[PDB]
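Undergrad: Quick one: this structure, given as structure tokens, is what I'll be asking you about.
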Amino acid sequence: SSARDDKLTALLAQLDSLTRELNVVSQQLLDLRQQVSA
Amino acid sequence: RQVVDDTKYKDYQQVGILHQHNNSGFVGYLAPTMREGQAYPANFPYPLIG
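Chain order of the listed sequences is A and B.
Here the first sequence is numbered in our numbering, starting from 21 and rising by one per residue.
Here the second sequence is numbered in our numbering, starting from 1098 and rising by one per residue.
See the structure below:
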């Protein structure tokens, strides 16, 4: 079953980038929220 | 224990072991060898108290 593990290890590598590019948005949204506070 | 919150804390910077310099000029860098560096205010860890 070598042809089916590539579909899963490529999904783990792109959820890696998805939870990382969402992680910089969740840190830039609390920057410009507390920028409105001043 | 309590750790830092990488989301809610505004001034958080993920400083890895290569750049954490507590006991800077009195402790060998990344090794049990002889000391190296200068005396300098630390950057790790973040204060949980005070």
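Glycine included, C-beta positions come from ideal geometry on N, C-alpha and C.
When you compare the CB of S46(A) with every CB in chain B, is at least one pair closer than 7 angstroms?
TA: Interface residue, yes.
Undergrad: Would you mind working out which of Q34(A), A23(A), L38(A) and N43(A) sits nearest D1102(B), comparing C-alpha positions?
TA: Taking only the C-alpha atoms, the option nearest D1102(B) is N43(A).
Undergrad: Please report the straight-line C-alpha distance between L50(A) and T1130(B), rounded to a whole angstrom.
TA: Those two C-alpha atoms are separated by around 42 angstroms.
Undergrad: Return no unless some Cβ of chain A is closer than 7 angstroms to the Cβ of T1130(B).
TA: Judged by the 7 angstroms Cβ criterion, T1130(B) is not in contact with chain A.
Undergrad: Keeping to the same chain, check which residues put their C-beta closer than 7 angstroms to that of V1124(B); ignore five residues upstream and five downstream.
TA: If we look at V1124(B) and ignore the five residues flanking it on each side, its Cβ neighbours are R1132.
Undergrad: Where does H1118(B) sit, in a helix, a strand or coil, going by DSSP?
TA: Here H1118(B) sits in coil by DSSP.
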